[PDB]
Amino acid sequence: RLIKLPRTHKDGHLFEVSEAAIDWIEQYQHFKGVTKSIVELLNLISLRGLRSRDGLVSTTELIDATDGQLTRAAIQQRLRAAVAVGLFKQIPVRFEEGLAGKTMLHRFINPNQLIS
């Protein structure tokens, strides 16, 4: 509910790490509109989540994981497409620790839920 430090707005959009999503990602590829370019983003989140210490992965960390080859714009592009297919629930969250403003939290959606 409440995004704690050291995370700030500079981290960008946020992805909730889930080990279940590691299997879901292979299952998402059965669904219409799930492209190689979306899977790339998904694999990146998953792999970067291996080192997460707070259950989150930020778009800033995703950029750094590609050594800058994926920009904020390219991540955001894949993210908009993945939302349009239904892969992520978008959750607005606050920091609320003496820090105003919001960012977006993204939670993988179970494929069994997607098809309903």
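The numbering used is simple: start at 1 and walk along the sequence shown.
Between 93 to 101 and 5 to 13, the higher mean Cα B-factor belongs to 93 to 101. Highest CA B-factor among 69, 76, 60, 43, as stated in the entry: 69. Sort the modelled residues of the chain by CA B factor and residue 110 lands in the lowest third.
Remark: residue 83 belongs to the middle third of its chain, ranked by C-alpha B-factor as recorded.
In the PDB entry, a CA B factor belonging to the highest third of its chain's modelled residues is recorded for residue 50.
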